[PDB]
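Engineer: Next comes entry02.pdb, PDB, N, CA and C atoms:
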```pdb
ATOM      1  N   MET A   1       8.185 -19.664   2.647  1.00  0.00           N
ATOM      2  CA  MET A   1       8.023 -18.493   1.736  1.00  0.00           C
ATOM      3  C   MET A   1       6.916 -18.710   0.698  1.00  0.00           C
ATOM      4  N   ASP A   2       6.254 -17.618   0.316  1.00  0.00           N
ATOM      5  CA  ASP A   2       5.196 -17.667  -0.685  1.00  0.00           C
ATOM      6  C   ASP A   2       5.815 -17.763  -2.079  1.00  0.00           C
ATOM      7  N   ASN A   3       4.981 -17.666  -3.099  1.00  0.00           N
ATOM      8  CA  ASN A   3       5.443 -17.809  -4.470  1.00  0.00           C
ATOM      9  C   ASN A   3       5.314 -16.515  -5.286  1.00  0.00           C
ATOM     10  N   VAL A   4       5.507 -15.370  -4.645  1.00  0.00           N
ATOM     11  CA  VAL A   4       5.339 -14.083  -5.322  1.00  0.00           C
ATOM     12  C   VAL A   4       6.652 -13.402  -5.632  1.00  0.00           C
ATOM     13  N   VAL A   5       6.708 -12.752  -6.794  1.00  0.00           N
ATOM     14  CA  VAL A   5       7.877 -11.988  -7.188  1.00  0.00           C
ATOM     15  C   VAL A   5       7.371 -10.580  -7.522  1.00  0.00           C
ATOM     16  N   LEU A   6       7.810  -9.608  -6.727  1.00  0.00           N
ATOM     17  CA  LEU A   6       7.439  -8.213  -6.883  1.00  0.00           C
ATOM     18  C   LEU A   6       8.385  -7.545  -7.869  1.00  0.00           C
ATOM     19  N   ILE A   7       7.863  -7.135  -9.018  1.00  0.00           N
ATOM     20  CA  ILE A   7       8.690  -6.506 -10.050  1.00  0.00           C
ATOM     21  C   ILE A   7       8.836  -5.011  -9.787  1.00  0.00           C
ATOM     22  N   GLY A   8      10.073  -4.565  -9.593  1.00  0.00           N
ATOM     23  CA  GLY A   8      10.313  -3.157  -9.348  1.00  0.00           C
ATOM     24  C   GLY A   8      11.335  -2.547 -10.299  1.00  0.00           C
ATOM     25  N   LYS A   9      12.252  -1.779  -9.729  1.00  0.00           N
ATOM     26  CA  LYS A   9      13.269  -1.087 -10.494  1.00  0.00           C
ATOM     27  C   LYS A   9      14.507  -1.865 -10.910  1.00  0.00           C
ATOM     28  N   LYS A  10      14.671  -3.091 -10.428  1.00  0.00           N
ATOM     29  CA  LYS A  10      15.859  -3.854 -10.805  1.00  0.00           C
ATOM     30  C   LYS A  10      15.851  -4.271 -12.287  1.00  0.00           C
ATOM     31  N   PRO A  11      17.027  -4.615 -12.853  1.00  0.00           N
ATOM     32  CA  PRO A  11      17.055  -5.019 -14.267  1.00  0.00           C
ATOM     33  C   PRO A  11      16.215  -6.277 -14.501  1.00  0.00           C
ATOM     34  N   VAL A  12      15.584  -6.346 -15.664  1.00  0.00           N
ATOM     35  CA  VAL A  12      14.724  -7.468 -16.009  1.00  0.00           C
ATOM     36  C   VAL A  12      15.311  -8.837 -15.676  1.00  0.00           C
ATOM     37  N   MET A  13      16.590  -9.051 -15.964  1.00  0.00           N
ATOM     38  CA  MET A  13      17.182 -10.361 -15.725  1.00  0.00           C
ATOM     39  C   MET A  13      17.158 -10.821 -14.272  1.00  0.00           C
ATOM     40  N   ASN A  14      17.283  -9.879 -13.340  1.00  0.00           N
ATOM     41  CA  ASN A  14      17.230 -10.193 -11.911  1.00  0.00           C
ATOM     42  C   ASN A  14      15.875 -10.843 -11.576  1.00  0.00           C
ATOM     43  N   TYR A  15      14.797 -10.310 -12.143  1.00  0.00           N
ATOM     44  CA  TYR A  15      13.460 -10.863 -11.898  1.00  0.00           C
ATOM     45  C   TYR A  15      13.263 -12.159 -12.650  1.00  0.00           C
ATOM     46  N   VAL A  16      13.902 -12.283 -13.806  1.00  0.00           N
ATOM     47  CA  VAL A  16      13.795 -13.534 -14.538  1.00  0.00           C
ATOM     48  C   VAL A  16      14.397 -14.632 -13.637  1.00  0.00           C
ATOM     49  N   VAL A  17      15.547 -14.358 -13.038  1.00  0.00           N
ATOM     50  CA  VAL A  17      16.166 -15.354 -12.155  1.00  0.00           C
ATOM     51  C   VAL A  17      15.302 -15.594 -10.893  1.00  0.00           C
ATOM     52  N   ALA A  18      14.678 -14.543 -10.365  1.00  0.00           N
ATOM     53  CA  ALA A  18      13.853 -14.703  -9.166  1.00  0.00           C
ATOM     54  C   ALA A  18      12.663 -15.596  -9.481  1.00  0.00           C
ATOM     55  N   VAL A  19      12.072 -15.426 -10.666  1.00  0.00           N
ATOM     56  CA  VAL A  19      10.939 -16.259 -11.077  1.00  0.00           C
ATOM     57  C   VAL A  19      11.399 -17.713 -11.244  1.00  0.00           C
ATOM     58  N   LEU A  20      12.579 -17.921 -11.827  1.00  0.00           N
ATOM     59  CA  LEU A  20      13.114 -19.282 -12.000  1.00  0.00           C
ATOM     60  C   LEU A  20      13.342 -19.916 -10.622  1.00  0.00           C
ATOM     61  N   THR A  21      13.831 -19.114  -9.682  1.00  0.00           N
ATOM     62  CA  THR A  21      14.071 -19.593  -8.317  1.00  0.00           C
ATOM     63  C   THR A  21      12.769 -20.099  -7.677  1.00  0.00           C
ATOM     64  N   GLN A  22      11.696 -19.325  -7.810  1.00  0.00           N
ATOM     65  CA  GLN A  22      10.388 -19.687  -7.261  1.00  0.00           C
ATOM     66  C   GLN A  22       9.823 -20.915  -7.954  1.00  0.00           C
ATOM     67  N   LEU A  23      10.055 -21.015  -9.258  1.00  0.00           N
ATOM     68  CA  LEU A  23       9.553 -22.145 -10.022  1.00  0.00           C
ATOM     69  C   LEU A  23      10.277 -23.457  -9.659  1.00  0.00           C
ATOM     70  N   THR A  24      11.374 -23.374  -8.908  1.00  0.00           N
ATOM     71  CA  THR A  24      12.081 -24.603  -8.513  1.00  0.00           C
ATOM     72  C   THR A  24      11.360 -25.295  -7.352  1.00  0.00           C
ATOM     73  N   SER A  25      10.614 -24.523  -6.565  1.00  0.00           N
ATOM     74  CA  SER A  25       9.882 -25.069  -5.402  1.00  0.00           C
ATOM     75  C   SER A  25       8.366 -24.999  -5.559  1.00  0.00           C
ATOM     76  N   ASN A  26       7.905 -24.307  -6.595  1.00  0.00           N
ATOM     77  CA  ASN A  26       6.474 -24.156  -6.829  1.00  0.00           C
ATOM     78  C   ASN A  26       6.114 -24.445  -8.281  1.00  0.00           C
ATOM     79  N   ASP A  27       4.885 -24.893  -8.505  1.00  0.00           N
ATOM     80  CA  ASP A  27       4.408 -25.165  -9.854  1.00  0.00           C
ATOM     81  C   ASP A  27       3.688 -23.916 -10.365  1.00  0.00           C
ATOM     82  N   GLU A  28       3.510 -22.947  -9.470  1.00  0.00           N
ATOM     83  CA  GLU A  28       2.874 -21.670  -9.799  1.00  0.00           C
ATOM     84  C   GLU A  28       3.668 -20.499  -9.224  1.00  0.00           C
ATOM     85  N   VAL A  29       3.779 -19.412  -9.982  1.00  0.00           N
ATOM     86  CA  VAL A  29       4.468 -18.231  -9.471  1.00  0.00           C
ATOM     87  C   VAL A  29       3.650 -16.998  -9.803  1.00  0.00           C
ATOM     88  N   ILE A  30       3.535 -16.094  -8.837  1.00  0.00           N
ATOM     89  CA  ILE A  30       2.782 -14.866  -9.047  1.00  0.00           C
ATOM     90  C   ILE A  30       3.714 -13.663  -9.226  1.00  0.00           C
ATOM     91  N   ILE A  31       3.612 -13.021 -10.387  1.00  0.00           N
ATOM     92  CA  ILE A  31       4.404 -11.841 -10.717  1.00  0.00           C
ATOM     93  C   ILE A  31       3.475 -10.631 -10.540  1.00  0.00           C
ATOM     94  N   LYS A  32       3.897  -9.692  -9.715  1.00  0.00           N
ATOM     95  CA  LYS A  32       3.117  -8.500  -9.435  1.00  0.00           C
ATOM     96  C   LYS A  32       3.958  -7.272  -9.751  1.00  0.00           C
ATOM     97  N   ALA A  33       3.328  -6.221 -10.278  1.00  0.00           N
ATOM     98  CA  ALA A  33       4.040  -4.981 -10.565  1.00  0.00           C
ATOM     99  C   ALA A  33       3.041  -3.830 -10.605  1.00  0.00           C
ATOM    100  N   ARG A  34       3.549  -2.614 -10.406  1.00  0.00           N
ATOM    101  CA  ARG A  34       2.721  -1.410 -10.416  1.00  0.00           C
ATOM    102  C   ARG A  34       3.308  -0.331 -11.319  1.00  0.00           C
ATOM    103  N   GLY A  35       2.442   0.563 -11.790  1.00  0.00           N
ATOM    104  CA  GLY A  35       2.888   1.651 -12.644  1.00  0.00           C
ATOM    105  C   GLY A  35       3.756   1.275 -13.831  1.00  0.00           C
ATOM    106  N   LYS A  36       4.870   1.988 -13.989  1.00  0.00           N
ATOM    107  CA  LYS A  36       5.800   1.748 -15.098  1.00  0.00           C
ATOM    108  C   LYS A  36       6.475   0.377 -15.069  1.00  0.00           C
ATOM    109  N   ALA A  37       6.451  -0.315 -13.932  1.00  0.00           N
ATOM    110  CA  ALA A  37       7.068  -1.655 -13.861  1.00  0.00           C
ATOM    111  C   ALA A  37       6.170  -2.723 -14.499  1.00  0.00           C
ATOM    112  N   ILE A  38       4.941  -2.348 -14.823  1.00  0.00           N
ATOM    113  CA  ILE A  38       4.020  -3.289 -15.456  1.00  0.00           C
ATOM    114  C   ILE A  38       4.587  -3.827 -16.761  1.00  0.00           C
ATOM    115  N   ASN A  39       5.219  -2.969 -17.557  1.00  0.00           N
ATOM    116  CA  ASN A  39       5.741  -3.448 -18.816  1.00  0.00           C
ATOM    117  C   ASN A  39       6.917  -4.390 -18.610  1.00  0.00           C
ATOM    118  N   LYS A  40       7.644  -4.210 -17.506  1.00  0.00           N
ATOM    119  CA  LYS A  40       8.779  -5.076 -17.183  1.00  0.00           C
ATOM    120  C   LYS A  40       8.222  -6.426 -16.700  1.00  0.00           C
ATOM    121  N   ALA A  41       7.083  -6.400 -15.999  1.00  0.00           N
ATOM    122  CA  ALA A  41       6.465  -7.653 -15.527  1.00  0.00           C
ATOM    123  C   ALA A  41       6.063  -8.491 -16.734  1.00  0.00           C
ATOM    124  N   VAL A  42       5.538  -7.839 -17.768  1.00  0.00           N
ATOM    125  CA  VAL A  42       5.162  -8.588 -18.952  1.00  0.00           C
ATOM    126  C   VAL A  42       6.430  -9.111 -19.649  1.00  0.00           C
ATOM    127  N   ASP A  43       7.475  -8.285 -19.727  1.00  0.00           N
ATOM    128  CA  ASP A  43       8.741  -8.725 -20.327  1.00  0.00           C
ATOM    129  C   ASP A  43       9.257  -9.967 -19.617  1.00  0.00           C
ATOM    130  N   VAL A  44       9.197  -9.941 -18.293  1.00  0.00           N
ATOM    131  CA  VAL A  44       9.680 -11.081 -17.525  1.00  0.00           C
ATOM    132  C   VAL A  44       8.874 -12.335 -17.823  1.00  0.00           C
ATOM    133  N   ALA A  45       7.550 -12.217 -17.789  1.00  0.00           N
ATOM    134  CA  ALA A  45       6.706 -13.388 -18.049  1.00  0.00           C
ATOM    135  C   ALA A  45       6.907 -13.901 -19.461  1.00  0.00           C
ATOM    136  N   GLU A  46       7.058 -12.987 -20.421  1.00  0.00           N
ATOM    137  CA  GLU A  46       7.250 -13.423 -21.819  1.00  0.00           C
ATOM    138  C   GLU A  46       8.598 -14.125 -22.009  1.00  0.00           C
ATOM    139  N   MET A  47       9.609 -13.642 -21.307  1.00  0.00           N
ATOM    140  CA  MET A  47      10.922 -14.273 -21.409  1.00  0.00           C
ATOM    141  C   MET A  47      10.887 -15.711 -20.886  1.00  0.00           C
ATOM    142  N   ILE A  48      10.244 -15.920 -19.740  1.00  0.00           N
ATOM    143  CA  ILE A  48      10.152 -17.260 -19.150  1.00  0.00           C
ATOM    144  C   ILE A  48       9.485 -18.196 -20.161  1.00  0.00           C
ATOM    145  N   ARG A  49       8.376 -17.723 -20.708  1.00  0.00           N
ATOM    146  CA  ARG A  49       7.574 -18.446 -21.684  1.00  0.00           C
ATOM    147  C   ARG A  49       8.304 -18.679 -23.010  1.00  0.00           C
ATOM    148  N   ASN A  50       9.012 -17.661 -23.475  1.00  0.00           N
ATOM    149  CA  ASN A  50       9.713 -17.762 -24.751  1.00  0.00           C
ATOM    150  C   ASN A  50      11.029 -18.507 -24.715  1.00  0.00           C
ATOM    151  N   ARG A  51      11.806 -18.315 -23.652  1.00  0.00           N
ATOM    152  CA  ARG A  51      13.141 -18.897 -23.581  1.00  0.00           C
ATOM    153  C   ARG A  51      13.535 -19.903 -22.507  1.00  0.00           C
ATOM    154  N   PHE A  52      12.768 -20.018 -21.428  1.00  0.00           N
ATOM    155  CA  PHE A  52      13.179 -20.912 -20.362  1.00  0.00           C
ATOM    156  C   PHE A  52      12.307 -22.103 -20.073  1.00  0.00           C
ATOM    157  N   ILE A  53      11.015 -21.866 -19.928  1.00  0.00           N
ATOM    158  CA  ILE A  53      10.075 -22.940 -19.656  1.00  0.00           C
ATOM    159  C   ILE A  53       8.993 -22.762 -20.697  1.00  0.00           C
ATOM    160  N   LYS A  54       9.312 -23.159 -21.922  1.00  0.00           N
ATOM    161  CA  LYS A  54       8.397 -23.022 -23.043  1.00  0.00           C
ATOM    162  C   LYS A  54       7.008 -23.624 -22.845  1.00  0.00           C
ATOM    163  N   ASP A  55       6.896 -24.611 -21.956  1.00  0.00           N
ATOM    164  CA  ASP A  55       5.607 -25.258 -21.694  1.00  0.00           C
ATOM    165  C   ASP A  55       4.782 -24.492 -20.660  1.00  0.00           C
ATOM    166  N   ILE A  56       5.383 -23.467 -20.068  1.00  0.00           N
ATOM    167  CA  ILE A  56       4.720 -22.660 -19.050  1.00  0.00           C
ATOM    168  C   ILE A  56       3.386 -22.103 -19.556  1.00  0.00           C
ATOM    169  N   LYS A  57       2.363 -22.105 -18.699  1.00  0.00           N
ATOM    170  CA  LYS A  57       1.054 -21.589 -19.069  1.00  0.00           C
ATOM    171  C   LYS A  57       0.733 -20.357 -18.233  1.00  0.00           C
ATOM    172  N   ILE A  58      -0.042 -19.439 -18.803  1.00  0.00           N
ATOM    173  CA  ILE A  58      -0.444 -18.236 -18.085  1.00  0.00           C
ATOM    174  C   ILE A  58      -1.809 -18.552 -17.499  1.00  0.00           C
ATOM    175  N   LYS A  59      -1.831 -18.892 -16.215  1.00  0.00           N
ATOM    176  CA  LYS A  59      -3.057 -19.267 -15.520  1.00  0.00           C
ATOM    177  C   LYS A  59      -4.030 -18.116 -15.247  1.00  0.00           C
ATOM    178  N   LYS A  60      -3.498 -16.921 -15.051  1.00  0.00           N
ATOM    179  CA  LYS A  60      -4.357 -15.794 -14.767  1.00  0.00           C
ATOM    180  C   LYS A  60      -3.606 -14.485 -14.917  1.00  0.00           C
ATOM    181  N   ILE A  61      -4.339 -13.457 -15.330  1.00  0.00           N
ATOM    182  CA  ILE A  61      -3.808 -12.102 -15.466  1.00  0.00           C
ATOM    183  C   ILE A  61      -4.892 -11.211 -14.937  1.00  0.00           C
ATOM    184  N   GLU A  62      -4.527 -10.332 -14.024  1.00  0.00           N
ATOM    185  CA  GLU A  62      -5.498  -9.441 -13.443  1.00  0.00           C
ATOM    186  C   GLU A  62      -4.903  -8.047 -13.326  1.00  0.00           C
ATOM    187  N   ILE A  63      -5.680  -7.018 -13.655  1.00  0.00           N
ATOM    188  CA  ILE A  63      -5.181  -5.651 -13.504  1.00  0.00           C
ATOM    189  C   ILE A  63      -6.046  -4.942 -12.476  1.00  0.00           C
ATOM    190  N   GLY A  64      -5.496  -3.900 -11.876  1.00  0.00           N
ATOM    191  CA  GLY A  64      -6.232  -3.152 -10.876  1.00  0.00           C
ATOM    192  C   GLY A  64      -5.565  -1.822 -10.601  1.00  0.00           C
ATOM    193  N   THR A  65      -5.943  -1.194  -9.486  1.00  0.00           N
ATOM    194  CA  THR A  65      -5.406   0.090  -9.055  1.00  0.00           C
ATOM    195  C   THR A  65      -5.047   0.078  -7.555  1.00  0.00           C
ATOM    196  N   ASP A  66      -3.862   0.583  -7.199  1.00  0.00           N
ATOM    197  CA  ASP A  66      -3.395   0.663  -5.800  1.00  0.00           C
ATOM    198  C   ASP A  66      -3.267   2.117  -5.367  1.00  0.00           C
ATOM    199  N   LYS A  67      -2.808   2.322  -4.131  1.00  0.00           N
ATOM    200  CA  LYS A  67      -2.626   3.658  -3.553  1.00  0.00           C
ATOM    201  C   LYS A  67      -1.404   3.721  -2.652  1.00  0.00           C
ATOM    202  N   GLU A  68      -2.297   9.429  -1.772  1.00  0.00           N
ATOM    203  CA  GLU A  68      -3.414  10.159  -2.359  1.00  0.00           C
ATOM    204  C   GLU A  68      -3.413  10.030  -3.882  1.00  0.00           C
ATOM    205  N   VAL A  69      -2.677   9.049  -4.395  1.00  0.00           N
ATOM    206  CA  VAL A  69      -2.597   8.852  -5.838  1.00  0.00           C
ATOM    207  C   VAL A  69      -2.852   7.407  -6.259  1.00  0.00           C
ATOM    208  N   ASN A  70      -3.550   7.246  -7.378  1.00  0.00           N
ATOM    209  CA  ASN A  70      -3.839   5.929  -7.919  1.00  0.00           C
ATOM    210  C   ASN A  70      -2.675   5.434  -8.770  1.00  0.00           C
ATOM    211  N   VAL A  71      -2.457   4.127  -8.749  1.00  0.00           N
ATOM    212  CA  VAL A  71      -1.395   3.546  -9.552  1.00  0.00           C
ATOM    213  C   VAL A  71      -1.907   2.211 -10.062  1.00  0.00           C
ATOM    214  N   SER A  72      -1.722   1.962 -11.347  1.00  0.00           N
ATOM    215  CA  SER A  72      -2.159   0.708 -11.955  1.00  0.00           C
ATOM    216  C   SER A  72      -1.289  -0.446 -11.505  1.00  0.00           C
ATOM    217  N   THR A  73      -1.909  -1.620 -11.423  1.00  0.00           N
ATOM    218  CA  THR A  73      -1.240  -2.836 -11.018  1.00  0.00           C
ATOM    219  C   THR A  73      -1.590  -3.963 -11.971  1.00  0.00           C
ATOM    220  N   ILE A  74      -0.701  -4.943 -12.020  1.00  0.00           N
ATOM    221  CA  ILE A  74      -0.922  -6.137 -12.816  1.00  0.00           C
ATOM    222  C   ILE A  74      -0.415  -7.303 -11.968  1.00  0.00           C
ATOM    223  N   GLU A  75      -1.054  -8.442 -12.136  1.00  0.00           N
ATOM    224  CA  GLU A  75      -0.655  -9.649 -11.450  1.00  0.00           C
ATOM    225  C   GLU A  75      -0.756 -10.713 -12.529  1.00  0.00           C
ATOM    226  N   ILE A  76       0.346 -11.415 -12.777  1.00  0.00           N
ATOM    227  CA  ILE A  76       0.408 -12.455 -13.800  1.00  0.00           C
ATOM    228  C   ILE A  76       0.767 -13.766 -13.122  1.00  0.00           C
ATOM    229  N   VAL A  77      -0.096 -14.760 -13.253  1.00  0.00           N
ATOM    230  CA  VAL A  77       0.188 -16.034 -12.619  1.00  0.00           C
ATOM    231  C   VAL A  77       0.689 -17.020 -13.649  1.00  0.00           C
ATOM    232  N   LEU A  78       1.921 -17.493 -13.458  1.00  0.00           N
ATOM    233  CA  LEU A  78       2.500 -18.478 -14.358  1.00  0.00           C
ATOM    234  C   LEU A  78       2.364 -19.855 -13.687  1.00  0.00           C
ATOM    235  N   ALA A  79       2.002 -20.874 -14.465  1.00  0.00           N
ATOM    236  CA  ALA A  79       1.845 -22.220 -13.928  1.00  0.00           C
ATOM    237  C   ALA A  79       2.452 -23.237 -14.877  1.00  0.00           C
ATOM    238  N   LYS A  80       3.056 -24.273 -14.311  1.00  0.00           N
ATOM    239  CA  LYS A  80       3.679 -25.308 -15.124  1.00  0.00           C
ATOM    240  C   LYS A  80       2.617 -26.287 -15.611  1.00  0.00           C
TER     241      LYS A  80
END
```
If you convert what's in this file into structure tokens, what do you get?
Structural biologist:
Amino acid sequence: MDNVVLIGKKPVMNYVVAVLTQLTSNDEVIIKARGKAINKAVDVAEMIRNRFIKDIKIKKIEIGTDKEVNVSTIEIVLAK
């Protein structure tokens, strides 16, 4: 399995646990989200950083647009 966590409609805590799960086998985890879930992706990354793995570093943040309608995307890479 890869190291990506797709942030969608589930409650923030579910993704916080999914990110912790990925961080058990990887030193890097990629959080991706689109549209209104972008703010939840940031909440998730901030929670990991603030409360669980305080030494965690944000290796990369990239924004873009996906698809007859455009939708904003964010990708946040967390690294130990």
Engineer: I'd like the neighbourhood of residue 23 of chain A as JSON, numbers by chain, where a residue qualifies if any of its atoms comes within 12 Å (using only C-alpha atoms), though same-chain residues fewer than 2 positions away should be ignored.
Structural biologist: {"A": [2, 3, 4, 5, 16, 17, 18, 19, 20, 21, 25, 26, 27, 28, 29, 30, 31, 48, 52, 53, 56, 77, 78, 79, 80]}
Engineer: For a quick check of understanding, using only C-alpha atoms, which of A:1, A:63, A:6, A:74 has the smallest distance to residue 38 of chain A?
Structural biologist: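 The closest residue to residue 38 of chain A is A:74.
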Engineer: One number please: atom C of residue 36 of chain A to atom C of residue 55 of chain A, in Å, one decimal.
Structural biologist: 25.5 Å
Engineer: Just the number, please: distance in Å from atom C of residue 72 of chain A to atom C of residue 37 of chain A, one decimal.
Structural biologist: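 That distance, rounded to one decimal, is 8.4 Å.
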Engineer: On this file, the PyMOL selection byres ((chain A and resi 60) around 5) gives some set of residues; write that set as a short mmCIF file (atom, residue, chain, number, x, y, z; two decimals) with N, CA and C atoms, in the frame of the given file.
Structural biologist:
```
data_model
loop_
_atom_site.label_atom_id
_atom_site.label_comp_id
_atom_site.auth_asym_id
_atom_site.auth_seq_id
_atom_site.Cartn_x
_atom_site.Cartn_y
_atom_site.Cartn_z
N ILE A 58 -0.04 -19.44 -18.80
CA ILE A 58 -0.44 -18.24 -18.08
C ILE A 58 -1.81 -18.55 -17.50
N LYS A 59 -1.83 -18.89 -16.22
CA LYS A 59 -3.06 -19.27 -15.52
C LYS A 59 -4.03 -18.12 -15.25
N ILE A 61 -4.34 -13.46 -15.33
CA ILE A 61 -3.81 -12.10 -15.47
C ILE A 61 -4.89 -11.21 -14.94
N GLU A 62 -4.53 -10.33 -14.02
CA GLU A 62 -5.50 -9.44 -13.44
C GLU A 62 -4.90 -8.05 -13.33
N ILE A 76 0.35 -11.42 -12.78
CA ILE A 76 0.41 -12.46 -13.80
C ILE A 76 0.77 -13.77 -13.12
N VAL A 77 -0.10 -14.76 -13.25
CA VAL A 77 0.19 -16.03 -12.62
C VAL A 77 0.69 -17.02 -13.65
#
```
Engineer: Quick one, how far is atom CA of residue 70 of chain A from atom N of residue 13 of chain A?
Structural biologist: 26.6 Å
Engineer: Grab all the atoms of segment 3-9 of chain A that the file lists, wrap them in a box along x, y and z, add 3 Å per side, and give me centre plus edge lengths in Å (one decimal) as JSON.
Structural biologist:
```
{"center_x": 9.7, "center_y": -9.4, "center_z": -7.0, "size_x": 15.5, "size_y": 22.7, "size_z": 13.8}
```
Engineer: Enumerate, as a PyMOL selection string, the complete set of residues in chain A that a backbone-based DSSP assignment places in strand (DSSP E).
Structural biologist: chain A and resi 4-7+28-34+57-66+71-79
Engineer: Residues as selected, N, CA and C atoms, written as a tab-separated table (two decimals), keeping the file's coordinate frame, can you do that?
Structural biologist:
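Result written to selection.tsv:
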```
chain	number	residue	atom	x	y	z
A	4	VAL	N	5.51	-15.37	-4.64
A	4	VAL	CA	5.34	-14.08	-5.32
A	4	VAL	C	6.65	-13.40	-5.63
A	5	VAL	N	6.71	-12.75	-6.79
A	5	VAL	CA	7.88	-11.99	-7.19
A	5	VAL	C	7.37	-10.58	-7.52
A	6	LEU	N	7.81	-9.61	-6.73
A	6	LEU	CA	7.44	-8.21	-6.88
A	6	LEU	C	8.38	-7.54	-7.87
A	7	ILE	N	7.86	-7.14	-9.02
A	7	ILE	CA	8.69	-6.51	-10.05
A	7	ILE	C	8.84	-5.01	-9.79
A	28	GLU	N	3.51	-22.95	-9.47
A	28	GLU	CA	2.87	-21.67	-9.80
A	28	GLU	C	3.67	-20.50	-9.22
A	29	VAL	N	3.78	-19.41	-9.98
A	29	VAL	CA	4.47	-18.23	-9.47
A	29	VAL	C	3.65	-17.00	-9.80
A	30	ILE	N	3.54	-16.09	-8.84
A	30	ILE	CA	2.78	-14.87	-9.05
A	30	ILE	C	3.71	-13.66	-9.23
A	31	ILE	N	3.61	-13.02	-10.39
A	31	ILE	CA	4.40	-11.84	-10.72
A	31	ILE	C	3.48	-10.63	-10.54
A	32	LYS	N	3.90	-9.69	-9.72
A	32	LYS	CA	3.12	-8.50	-9.44
A	32	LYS	C	3.96	-7.27	-9.75
A	33	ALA	N	3.33	-6.22	-10.28
A	33	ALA	CA	4.04	-4.98	-10.56
A	33	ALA	C	3.04	-3.83	-10.60
A	34	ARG	N	3.55	-2.61	-10.41
A	34	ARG	CA	2.72	-1.41	-10.42
A	34	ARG	C	3.31	-0.33	-11.32
A	57	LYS	N	2.36	-22.10	-18.70
A	57	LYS	CA	1.05	-21.59	-19.07
A	57	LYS	C	0.73	-20.36	-18.23
A	58	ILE	N	-0.04	-19.44	-18.80
A	58	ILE	CA	-0.44	-18.24	-18.08
A	58	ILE	C	-1.81	-18.55	-17.50
A	59	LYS	N	-1.83	-18.89	-16.22
A	59	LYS	CA	-3.06	-19.27	-15.52
A	59	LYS	C	-4.03	-18.12	-15.25
A	60	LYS	N	-3.50	-16.92	-15.05
A	60	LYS	CA	-4.36	-15.79	-14.77
A	60	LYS	C	-3.61	-14.48	-14.92
A	61	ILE	N	-4.34	-13.46	-15.33
A	61	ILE	CA	-3.81	-12.10	-15.47
A	61	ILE	C	-4.89	-11.21	-14.94
A	62	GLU	N	-4.53	-10.33	-14.02
A	62	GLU	CA	-5.50	-9.44	-13.44
A	62	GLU	C	-4.90	-8.05	-13.33
A	63	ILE	N	-5.68	-7.02	-13.66
A	63	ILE	CA	-5.18	-5.65	-13.50
A	63	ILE	C	-6.05	-4.94	-12.48
A	64	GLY	N	-5.50	-3.90	-11.88
A	64	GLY	CA	-6.23	-3.15	-10.88
A	64	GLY	C	-5.56	-1.82	-10.60
A	65	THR	N	-5.94	-1.19	-9.49
A	65	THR	CA	-5.41	0.09	-9.06
A	65	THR	C	-5.05	0.08	-7.56
A	66	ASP	N	-3.86	0.58	-7.20
A	66	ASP	CA	-3.40	0.66	-5.80
A	66	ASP	C	-3.27	2.12	-5.37
A	71	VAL	N	-2.46	4.13	-8.75
A	71	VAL	CA	-1.40	3.55	-9.55
A	71	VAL	C	-1.91	2.21	-10.06
A	72	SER	N	-1.72	1.96	-11.35
A	72	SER	CA	-2.16	0.71	-11.96
A	72	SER	C	-1.29	-0.45	-11.50
A	73	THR	N	-1.91	-1.62	-11.42
A	73	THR	CA	-1.24	-2.84	-11.02
A	73	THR	C	-1.59	-3.96	-11.97
A	74	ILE	N	-0.70	-4.94	-12.02
A	74	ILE	CA	-0.92	-6.14	-12.82
A	74	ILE	C	-0.42	-7.30	-11.97
A	75	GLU	N	-1.05	-8.44	-12.14
A	75	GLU	CA	-0.66	-9.65	-11.45
A	75	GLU	C	-0.76	-10.71	-12.53
A	76	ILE	N	0.35	-11.42	-12.78
A	76	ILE	CA	0.41	-12.46	-13.80
A	76	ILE	C	0.77	-13.77	-13.12
A	77	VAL	N	-0.10	-14.76	-13.25
A	77	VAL	CA	0.19	-16.03	-12.62
A	77	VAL	C	0.69	-17.02	-13.65
A	78	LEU	N	1.92	-17.49	-13.46
A	78	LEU	CA	2.50	-18.48	-14.36
A	78	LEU	C	2.36	-19.86	-13.69
A	79	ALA	N	2.00	-20.87	-14.46
A	79	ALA	CA	1.84	-22.22	-13.93
A	79	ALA	C	2.45	-23.24	-14.88
```
Engineer: Could you give me, as a ChimeraX atom specification, each residue of chain A that DSSP assigns to helix (DSSP H, G or I) when run on this structure's backbone?
Structural biologist: /A:12-23,35-52
